[PDB]
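Here's the structure, in structure tokens; my notes come after.
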Ligand SMILES: Nc1ncnc2c1ncn2[C@@H]1O[C@H](COP(=O)(O)OP(=O)(O)OP(O)(O)=S)[C@@H](O)[C@H]1O
Ligand SMILES: [Mg+2]
Ligand SMILES: [Zn+2]
Ligand SMILES: [Zn+2]
């Protein structure tokens, strides 16, 4: 189970670290108090007002899936607990755990 | 929507906390001497002047505050932009906006 | 000759004679809309039959005696011919005082006790002192103890040596039974039905249904469910004072999930308020009070004191007061203090059978001692030296 | 193992490291060899983090933040872990089987190493 | 320019090789290749056999009081508990035993070649 935050960015504020982030759906709007790691993640991936993004809360994995004013803004709750199911082959486990950055061998041979 | 400054939020929090110390919410059914603040101001009680009442007030907790929904009490990931109140669901947000956001109804 | 023991609490007065038992009587006057011109005093609340919409006239604001007229009337009723028939000129009185009591209140207490009643001798102590004395009488091998007094209007934590109170380490929490009851009233009014005028009924509800959770978030998850798996949720039938004299909880087998009942009972459904209200004692910041809870305050008070004494303090934590009667209070306190206490130091928390009357028992014990006469202040000495020597002798 | 309540290097260079670890069964104060301070700084260990320290090797692993601090921000990319249940000091007597080939391959190539050649290797 | 491939896997997969310290032995007692370039033949053969600590010396140093301060250069019990002190002295004894065992373990292995031999055999 993972917590996924998907919404439209309203306002992003970062000050010298503390920051605030305001996200909205078609049904609710919220302001978040950001931590250092999420602030760094949002700085690394340029995020501006109007972008529709999804955030993996535990990892900070932010992927921009378009802009809205093109993808329609999400409708329901901003923060959703989702059940993610992965089917991983034994070869995949072996290659991932064979060495550091070993997952690259799943794509380029080099096992 | 409108936005409330820090002073308004602090005043609301202080008013709610003081209201929690009220003896009764209604008025006297008969309908026809000091208070604590008067006693404090008369005592002229100064900080660091030995063990006294004020120095005994507990300090801030180390563990961070845990947010709870202002409507139903369950944990609340969201903070209302307008007033800073916490909430957990679209239904709870609607109830908060109708009831206690902005004007205190 | 005889000695009177009184715990002039903000909610209940534990008044009795040293040679007799203890009585619990509300220390406040009452007015009701069922009486046009009639103010009830002290235990007269038993006479009223419709305590709904009851109005409370309290002599304590924020746990200190601030209203003198109502307190005087209550004392006159308690000391009058109806209750105890106290012979003032030949009786010693042991009366409790709030911690860090203001000088003006002490002056007024001494003046009233020594002039308006003319008691033979007065001994003013704190309830925690009597509780400590009782604990040390019970446990003679222990040299130190720490007393937690979670009462109606506040929650103090006071460490006591064998015969002295460490005033430097006293910690007060501004969370008490009054605050919890008002918070429960506000929650119920905001969520289900308006009960802000039903302080008595909501207080009884808190006393009957609330409990302290060992796992806060597990209980929150359980309460959030719907159906049979929501074991936390219960149904309470408020007393209408017509056919239901006192409130009660519906049995689980008789519970209806839909919430609609053919009987026209006004049913109040509490799921997360069961443990949210008692949790304010351990986490004041839950409602907005930036103060440390009971366990953190205990540990901080003990760690302020010298290192050599610390293991003795951690081994003798004593819980007194009404708020300590919540289910799971002792286990939660022990768990949190053990979590914060250094591992080499053993932690022992003791909950007496009657935390309400612990101070009264301590006062009875201190009255029976042979050193009692040295502690009290007489009226003959009051005439000349009293106003200084009351401050000098009493360790308030 | 436990949540870090205090991390104080003692200056004479660093003579020793005083650390405070918290568990459900109490708190323990430990004096650390100064070489472990480099490991603590590399792992980015701060107060409130749940770590374990190997007594024989000084290895430090920061296995997340304590869940008591989960509400310190509304959105941080952190992994919050429950406070450990047992004592701070945990002893276990174990019997592990290894083969000679394991030792051969363990000694075939170097491990760790802050040099440029080791890193490129 | 294309975005990279985001390969998503189960969080449990990244912990497959991880073994808890209480479940694994110390593999540093068989580390021969780690001693090369760091440990010398002198340390293994002449110094350590002579200047290894003993339990007696360790206990004597631990129990003895602090040494007197180094001279400056010159140009020429009511609260006492028996159980707590017994626990503390048991902890001190355990700590000293651990120090001894770790000091013995960390210098038991001798290099296959050693720094001196490698330096001698290494031409410019
Ligand atoms: N079974 C119970 N469970 C929970 N709370 C209870 C219970 N019985 C009594 N109380 C509470 O106990 C409080 C009164 O306790 P007391 O300590 O006797 O008050 P008091 O000492 O007279 O006033 P203070 O605090 O000393 S000034 C009230 O707030 C009650 O709600
Ligand atoms: Mg009391
Ligand atoms: Zn809600
Ligand atoms: Zn709002």
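Numbering starts at 1 and runs along the chain as displayed.
The way this entry was determined, per its header, is electron microscopy, 3.6 Å.
Note: Cβ is positioned from N, Cα and C throughout, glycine not excepted.
Checking the candidates B:55, B:89 against Swiss-Prot, the annotation phosphothreonine falls on B:55. Selection of the recorded positions B:55, B:80, B:83, B:88 by a Cβ distance under 6 Å from ligand 4 yields, in sequence order, B:80, B:83. Taking 8 Å as the upper bound (exclusive) on CB-CB distance to chain C, the binding-site residues B:69, B:80, B:83, B:88, B:92, B:101 give none. In the three-state DSSP scheme, residue B:92 (Zn(2+) 1 binding site) falls into the helix class.
On its own chain, residue B:88 (Zn(2+) 1 binding site) has B:69, B:71, B:72, B:74, B:75, B:76, B:77, B:78 as residues at least 6 apart in sequence with a Cβ closer than 8 Å to its own Cβ. The binding-site residues shown are B:83, B:92, B:96; of these, the one with its CA atom nearest the CA of residue B:55 (phosphothreonine) is B:83.
Taking the centroid of the Cβ atoms of B:80, B:83, B:96, B:101 as the Zn(2+) 2 site, the other same-chain residues with Cβ within 8 Å of it are B:70, B:82, B:84, B:85, B:87, B:93, B:97, B:100, B:102.
Less than 8 angstroms from the CB of residue B:80 (Zn(2+) 2 binding site) sit B:86, B:87, B:93, B:96, B:101, each of them six or more residues away in the same chain.
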